[PDB]
Amino acid sequence: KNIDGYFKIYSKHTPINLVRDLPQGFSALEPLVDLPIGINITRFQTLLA
Amino acid sequence: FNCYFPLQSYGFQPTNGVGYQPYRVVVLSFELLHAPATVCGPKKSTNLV
């Protein structure tokens, strides 16, 4: 998210075991870094290898 | 005739007069607006009690 030009980055990492669909469980993310960029974002793209 | 190259080269020598000696001039422009964030002034701490 972007808050008054500050872009907040949240991340959480945990192992799982899944075949399909998605796991059902609770998680709590934490802020990684603060990026004082100050730009408007209206679209995004996903990067895959 | 009536045509000169706008740019001219400086003449710098150790024995040149004080007026012609090279002086490194750097201007720091500080602008106050609403677009965070940039460098802030020095922040000093004190002994903890």
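Ideal geometry is used to build each Cβ from the backbone, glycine not excepted, and the neighbour counts take in all protein chains shown. What follows is calculated from the coordinates using simple rules that are stated; it is not laboratory data.
So the values come out like this:
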item	result
Options A:1, A:8: the member that is within 14 Å of chain B (Cβ to nearest Cβ) and either loosely packed, with under 10 Cβ neighbours inside 10 Å or on the phi < 0 side of the Ramachandran plot (or both)	A:8
Subset of the stretch A:11-46 (residues that are surrounded by 10 or more Cβ atoms within 10 Å (Cβ to Cβ), at negative phi and not in a strand (DSSP E or B))	A:29, A:37
Residues of chain A that turn out to be more than 15 Å from the chain's Cα centre (by Cα) and among the polar types (S, T, N, Q), as a count	4
Any hit, the stretch A:30-40, residues being among the polar types (S, T, N, Q) and more than 14 Å from chain B (Cβ to nearest Cβ)	no
Neighbours by Cβ (under 6 Å, 6+ apart or cross-chain): first from the stretch B:24-46, closer than 19 Å to residue A:36 by Cβ; second outside any loop (DSSP other than H, G, I, E, B)	B:36/A:36; B:37/A:36
Pick from the stretch A:11-29, criterion of a type in the set (S, T, N, Q) and more than 27 Å from residue B:38 (Cα to Cα), ranking: farthest from the other protein chains (Cβ to nearest Cβ)	A:17
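Rundown of residues vs (1) within 14 Å of chain A (Cβ to nearest Cβ); (2) surrounded by 10 or more Cβ atoms within 10 Å (Cβ to Cβ); (3) more than 22 Å from the chain's Cα centre (by Cα); (4) part of a loop (DSSP other than H, G, I, E, B), yes/no style:
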{"residue": "B:22", "(1), (2), (3), (4)": "no, yes, no, yes"}
{"residue": "B:29", "(1), (2), (3), (4)": "no, no, no, yes"}
{"residue": "B:38", "(1), (2), (3), (4)": "yes, no, no, yes"}
{"residue": "B:45", "(1), (2), (3), (4)": "no, no, yes, yes"}
